[PDB]
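Those letters in the first sequence? Residues 126 to 220, 234 to 397, 424 to 433, 440 to 762, 765 to 946, 971 to 988, by the deposited numbering.
Step one of this worksheet: look at the structure below.
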Amino acid sequence: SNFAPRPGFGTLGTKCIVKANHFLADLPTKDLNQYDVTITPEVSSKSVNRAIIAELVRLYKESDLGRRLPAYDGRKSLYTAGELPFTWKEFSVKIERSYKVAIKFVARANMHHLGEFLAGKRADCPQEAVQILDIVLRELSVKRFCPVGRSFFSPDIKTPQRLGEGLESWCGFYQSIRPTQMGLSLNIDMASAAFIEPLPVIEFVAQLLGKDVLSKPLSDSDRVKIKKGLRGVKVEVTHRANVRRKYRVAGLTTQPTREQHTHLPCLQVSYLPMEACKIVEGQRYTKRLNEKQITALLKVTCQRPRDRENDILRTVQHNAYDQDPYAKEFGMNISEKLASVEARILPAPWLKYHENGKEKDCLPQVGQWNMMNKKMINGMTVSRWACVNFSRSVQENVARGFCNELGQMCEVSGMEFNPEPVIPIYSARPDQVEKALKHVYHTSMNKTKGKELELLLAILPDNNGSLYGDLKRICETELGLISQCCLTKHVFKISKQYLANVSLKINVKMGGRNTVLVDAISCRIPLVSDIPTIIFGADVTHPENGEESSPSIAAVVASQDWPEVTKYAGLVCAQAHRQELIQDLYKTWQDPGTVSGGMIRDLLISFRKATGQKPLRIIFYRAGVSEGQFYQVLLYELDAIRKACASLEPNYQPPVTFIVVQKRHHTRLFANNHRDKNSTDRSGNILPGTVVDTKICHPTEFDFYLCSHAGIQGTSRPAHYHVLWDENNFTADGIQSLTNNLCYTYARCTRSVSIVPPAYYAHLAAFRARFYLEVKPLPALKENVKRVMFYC
RNA sequence: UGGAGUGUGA
Ligand SMILES: [Mg+2]
Numbered sequence: 126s127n128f129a130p131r132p133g134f135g136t137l138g139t140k141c142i143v144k145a146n147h148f149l150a151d152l153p154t155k156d157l158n159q160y161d162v163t164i165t166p167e168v169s170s171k172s173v174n175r176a177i178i179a180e181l182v183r184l185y186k187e188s189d190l191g192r193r194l195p196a197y198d199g200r201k202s203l204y205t206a207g208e209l210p211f212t213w214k215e216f217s218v219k220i234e235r236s237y238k239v240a241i242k243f244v245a246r247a248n249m250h251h252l253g254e255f256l257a258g259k260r261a262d263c264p265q266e267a268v269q270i271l272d273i274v275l276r277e278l279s280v281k282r283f284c285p286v287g288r289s290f291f292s293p294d295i296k297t298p299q300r301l302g303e304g305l306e307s308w309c310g311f312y313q314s315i316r317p318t319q320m321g322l323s324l325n326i327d328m329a330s331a332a333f334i335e336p337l338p339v340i341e342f343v344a345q346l347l348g349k350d351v352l353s354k355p356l357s358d359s360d361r362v363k364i365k366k367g368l369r370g371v372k373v374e375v376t377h378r379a380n381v382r383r384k385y386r387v388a389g390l391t392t393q394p395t396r397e424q425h426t427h428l429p430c431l432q433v440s441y442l443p444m445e446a447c448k449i450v451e452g453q454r455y456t457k458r459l460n461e462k463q464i465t466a467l468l469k470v471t472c473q474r475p476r477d478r479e480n481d482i483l484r485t486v487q488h489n490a491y492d493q494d495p496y497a498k499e500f501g502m503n504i505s506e507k508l509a510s511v512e513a514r515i516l517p518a519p520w521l522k523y524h525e526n527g528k529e530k531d532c533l534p535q536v537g538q539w540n541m542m543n544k545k546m547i548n549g550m551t552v553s554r555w556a557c558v559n560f561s562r563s564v565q566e567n568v569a570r571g572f573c574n575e576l577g578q579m580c581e582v583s584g585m586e587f588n589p590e591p592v593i594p595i596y597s598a599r600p601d602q603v604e605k606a607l608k609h610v611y612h613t614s615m616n617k618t619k620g621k622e623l624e625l626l627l628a629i630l631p632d633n634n635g636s637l638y639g640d641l642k643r644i645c646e647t648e649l650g651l652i653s654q655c656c657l658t659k660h661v662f663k664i665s666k667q668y669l670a671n672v673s674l675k676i677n678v679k680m681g682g683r684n685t686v687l688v689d690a691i692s693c694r695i696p697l698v699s700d701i702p703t704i705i706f707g708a709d710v711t712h713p714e715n716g717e718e719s720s721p722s723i724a725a726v727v728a729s730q731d732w733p734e735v736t737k738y739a740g741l742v743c744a745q746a747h748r749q750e751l752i753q754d755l756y757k758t759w760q761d762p765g766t767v768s769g770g771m772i773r774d775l776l777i778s779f780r781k782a783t784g785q786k787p788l789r790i791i792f793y794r795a796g797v798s799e800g801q802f803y804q805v806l807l808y809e810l811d812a813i814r815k816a817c818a819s820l821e822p823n824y825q826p827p828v829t830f831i832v833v834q835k836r837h838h839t840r841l842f843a844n845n846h847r848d849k850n851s852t853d854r855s856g857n858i859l860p861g862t863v864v865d866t867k868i869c870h871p872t873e874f875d876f877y878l879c880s881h882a883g884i885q886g887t888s889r890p891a892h893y894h895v896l897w898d899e900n901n902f903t904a905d906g907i908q909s910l911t912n913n914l915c916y917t918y919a920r921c922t923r924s925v926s927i928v929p930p931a932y933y934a935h936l937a938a939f940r941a942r943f944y945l946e971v972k973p974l975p976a977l978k979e980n981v982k983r984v985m986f987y988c
């Protein structure tokens, strides 16, 4: 069947007005038609095909096209308002390479279907009409800019400037039409991406290396880095007077020119000298940025909400959609004002802390609170602990003092940290991590009469490198320990807030919890606390662009303690490259008969063992989907859940509520009045816990926008929750309030988070599991670690 | 790796 229809509109919270970045578009009625494109020989170059089509149009616009102006998608589809006076005619295009183009009328799209879908009278989205409108709107943007997909950004509009290590950053908008509740919306939003500067090869190499290589040949690592950076760069020769030929470069010779600047190897297309070549403008940097040039872009793309709103308004008026021939002929009419969306600021929930404290309750003012005069619900009275000093700057006395300070902070925050460790702290070196870990574990087990450790405070260096991952992998797949790796800078500079955050982390890293909603304690949460429910969360973390070697990791967590649900236990796996499903939610093989598996079954069994009873309802929070596979993901990951529940106990099919969360979109909400105190306590974003479900949401399906976090800088992007499946029959107010309330139960922070802790923990587990691989099956987690939040 | 929050809808 189709998705879950929207049951209604929310009412809770104080009314307020925000401004979205969606611009109303009025659909035309011109009987738009699509004409197929066939070019022989076949070339997969979108720019070349577009140029060929443009030349064909210029040649034969008044010949047999009837003065009708086509709109070409770029690869295979051509759209024209009305109907051309011909059906199947072929035109020859000579660029002098010659091409043969075949054009045939395919079918006629229906704008009335788009109107019916936007009016809420059906549930099927006319992808054809939406794509035709998008392409006819973006023809002029493609012509005037450099397309990178749905974003057309070019220089001389924001003065692109230096980024770091050669490549720079460009600025511009992101345009994508979308069918919303109020009608078609042009989702214009500012965007930026990295570009390679048109610099000579010598200058670019010097900037990337940050030094001079006039007389120093490159090392193996330097050569590998140069090849990785330069793989896929177009360069043009400049030594010739009037030969503007281009030579794509992917391989570099291993020998110098003599075997000018002939010492260094010359690029191979013969052997093109690297001293008389220039990088072609417009190239895009692949892979991912480094830690130094990511922040340089962050200082560019991170601007105030008012500045971003003004930039979007300026960009929309700069395109002038009311003047371009494509939209004038096609009947398009785009507005130039931000939608005045009404919102609702949901109230913050009451948090209950331990009775043994001055403050037994807390009301988060602006989405963040403090632990002063409060104690955790559950201390864990850690008794056995040890420390490893993987650093040389810090001394034994300094490390012992840091441990004592952390313990005192834990005790005053509500723990019972042991004053003295099992074994005296000793300093090792960051290369013998395995030997140090086995030595510490074996010594601790030899002492304390064969009782395992409960914690391991590790002071690893600032830029350790290949050390944190190895340490965590060994401790969580070969030893079975719990570690609290810290950095040397914070050990040297002790701050009470840092100690409190570390205490909050190590409380939940050893069982128990530190804060609970009063509604959860009082068994008063709508449609949750009435009967036991297990709240799941999934996330699939794909590797860095082209990384076939490394597989993709999927993680699934689930709440484990009922009456005050805060404790999530998760499992991880490794599946095929760039796979958008989770093949390990259920697995059946032959073993004498057919023993089952998967993560759903294991987590349900763990929940049953932990709380004494099987869960009665399920609330699934999926993440990491790309909007192109909702149907497939829902079908597979709901059939897997049903089969896992059936296999565990017969006739056990609890209701499920499949909700997909994703923050990767370009829907921004701005404060209606920037001169008023209705925004965050800073000079920035809108108030936390504000819900939007009108005028920018799906016309018929069930979704909402929730900005539950207090943005610290830049324009905070609210999360998007889409309820694909709903068997509990959640009301709009109930689901919005529940999702907002969970955001206040994050273990590691004393603030409200943007996405739900289920999905956030699933993402953290998936990101952490990348350190375990060293083949399709990941190493098995130890049995003393899977029951505790090792990832937090 | 104290933490939340800021850049890509494959
Ligand atoms: Mg994720």
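Here a beta-carbon is modelled for each residue, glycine too, at the ideal position from N, C-alpha and C.
Burial check for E461: the Cβ neighbour count within 10 Å stays below 16, so the residue is exposed. Classified as exposed, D601 has fewer than 16 neighbouring CB atoms from the shown chains inside 10 Å of its CB.
The C-beta distance from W555 to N526 rounds to 23 Å, too long to fall under 8 Å, and the pair is not in contact. In this structure, DSSP gives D865 a state outside helix and strand, which the three-state scheme calls coil. The beta-bridge partner set that DSSP reports for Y197 consists of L203. Per DSSP, reduced to three states, the secondary structure at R316 is strand. Taking the CA atoms as reference points, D151 sits about 30 Å from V832. Look at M615 here: in three-state DSSP terms it is helix. Put simply, of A179, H838 and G906 the residue whose alpha carbon is nearest the alpha carbon of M328 is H838. Contact between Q834 and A795 holds: their C-beta atoms lie close to 6 Å from each other, under 8 Å. As the crow flies, the alpha-carbon of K171 is around 16 Å from that of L278. When Cβ pairs closer than 8 Å are counted between the two stretches, the region 246-254 is seen not to touch the region 185-197, the count staying below three. Separation of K363 and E306 (C-alpha to C-alpha, rounded to the nearest whole angstrom) is 18 Å. Residue burial annotation: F792 is buried, with at least 16 other C-beta atoms found within 10 angstroms of its C-beta.
Sequence-distant partners of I340 (beyond 5 residues in either direction) whose C-beta falls short of 8 Å from its own C-beta, in its chain, are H425, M444 and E445. The closest heavy atom of ligand 1 lies less than 7 Å from the beta carbon of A938. Comparing alpha carbon positions, the residue from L626, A728 and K140 closest to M680 is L626.
In the structure shown, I178 adopts helical secondary structure according to DSSP, grouped into three states. Listed as beta-bridge partners of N325 by DSSP are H147. Taking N503 as the centre and dropping the five residues before and after it, the same chain places the C-beta of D151 closer than 6 Å to its C-beta, in chain order. Around the beta carbon of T872, a 10 Å sphere encloses 16 or more other beta carbons of the protein chains shown; the residue is thus reported as buried.
Of the other Cβ atoms in all chains shown, fewer than 16 fall within 10 Å of the Cβ of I142; this residue is therefore exposed. When secondary structure is reduced to three states using DSSP, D161 falls in the strand class.
Taking the Cα positions, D898 is about 50 Å away from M615.
Where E479 is concerned, the enclosing alpha helix (DSSP H) starts and stops at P475 to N489. C-alpha of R562 to C-alpha of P631: approximately 8 Å in a straight line. If the five residues before and after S353 are omitted, its C-beta is found closer than 8 Å to the C-beta atoms of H427, all from its own chain and listed in chain order. In the displayed model, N913 falls within a helix according to three-state DSSP. A distance below 8 Å between beta-carbons, with the five flanking residues on each side excluded, links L649 to the following residues of its chain, in chain order: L607, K608, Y611 and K978. In the three-state reduction of the DSSP assignment, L878 falls in the strand class, which pools E and B.
In the three-state scheme derived from DSSP, where H, G and I count as helix and E and B as strand, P600 is classed as coil. In the DSSP assignment, no residue is bridged to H837. Excluding sequence positions up to five before and after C656, its CB lies within less than 6 Å of the CB of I629, all in the same chain and listed in chain order. For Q393, the enclosing beta strand (DSSP E) starts and ends at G389 to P394. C580: not part of any beta strand (DSSP E); member of the alpha helix (DSSP H) spanning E566 to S583, first to last residue. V558 is the residue among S583, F243, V558 and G302 whose C-alpha sits nearest the C-alpha of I595.
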